[PDB]
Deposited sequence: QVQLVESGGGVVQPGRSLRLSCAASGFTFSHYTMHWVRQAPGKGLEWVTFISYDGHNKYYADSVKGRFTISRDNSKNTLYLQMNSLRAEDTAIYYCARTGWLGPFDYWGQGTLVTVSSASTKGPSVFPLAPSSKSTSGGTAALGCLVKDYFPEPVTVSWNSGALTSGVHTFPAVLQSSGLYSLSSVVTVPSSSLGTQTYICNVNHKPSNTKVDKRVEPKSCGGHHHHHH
């Protein structure tokens, strides 16, 4: 079964380097050309680089020419992307993809996230969005870095009517999102509502109450 499994994603400060690796299983790696393709948050696909069968022909997108290097170890069945002089605009999910014998990108890896930013790893602050006087409440997940953060309500017991928004990148260089839920107003003195924030990068869990 054809499979591409990427690794190496992480945070980088601008100007530095990072190397992604893509591990290919399920086919004779040396008979296919490979590419990297990236997707910045919220945008479409951008082809990054191409490498021939033997590795002696490489092509690059203009936006990364002179900075990135593609290469392959056919003996280890592995594809690499060496990124140098990294810029903030290079932040994206980076996909590894295989060229079909007839041209198209027929198999794709799962993608790895690369965040290029001076900002420092930081667990989030969680503030309650208290219900006023069916009603809505939430959690403001503020100034964390980097993505991703994950929010559950009542440790998974509360799901219907939850809306965990996509994060936005503040000008502080730190991320922030909100997760809200709507609930019957009557259960507001009965039921008790906790949001569980997990930020794996900083290894921080925060549980917060929302009360009226």
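No alpha-carbon coordinates exist for the deposited sequence positions 134-139, 219-229, given here in order along the chain.
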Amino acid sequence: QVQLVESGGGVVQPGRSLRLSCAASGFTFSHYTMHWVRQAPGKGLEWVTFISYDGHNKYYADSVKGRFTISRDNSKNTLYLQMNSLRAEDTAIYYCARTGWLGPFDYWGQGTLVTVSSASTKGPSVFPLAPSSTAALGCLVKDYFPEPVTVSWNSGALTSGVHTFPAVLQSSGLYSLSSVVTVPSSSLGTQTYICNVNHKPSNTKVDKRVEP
From here on, numbers count along this sequence of modelled residues.
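Set 156-164 against 45-53 and average the Cα temperature factors; 156-164 ends up higher.
Taking the mean C-alpha B-factor of each stretch as recorded, 181-189 and 28-36 are not equal, and the higher mean is that of 181-189. Across the residues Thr78, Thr91, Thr112, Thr99, the deposited record lists the maximum Cα B factor for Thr78. Among the modelled residues of its chain, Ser71 has a C-alpha B-factor that falls in the middle third according to the deposited record.
Annotation for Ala135: CA B-factor lies in the highest third of the chain's modelled residues. The PDB entry assigns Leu20 a C-alpha temperature factor belonging to the lowest third of its chain's modelled residues.
Split the chain's modelled residues into thirds by C-alpha temperature factor. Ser125 is in the middle one.
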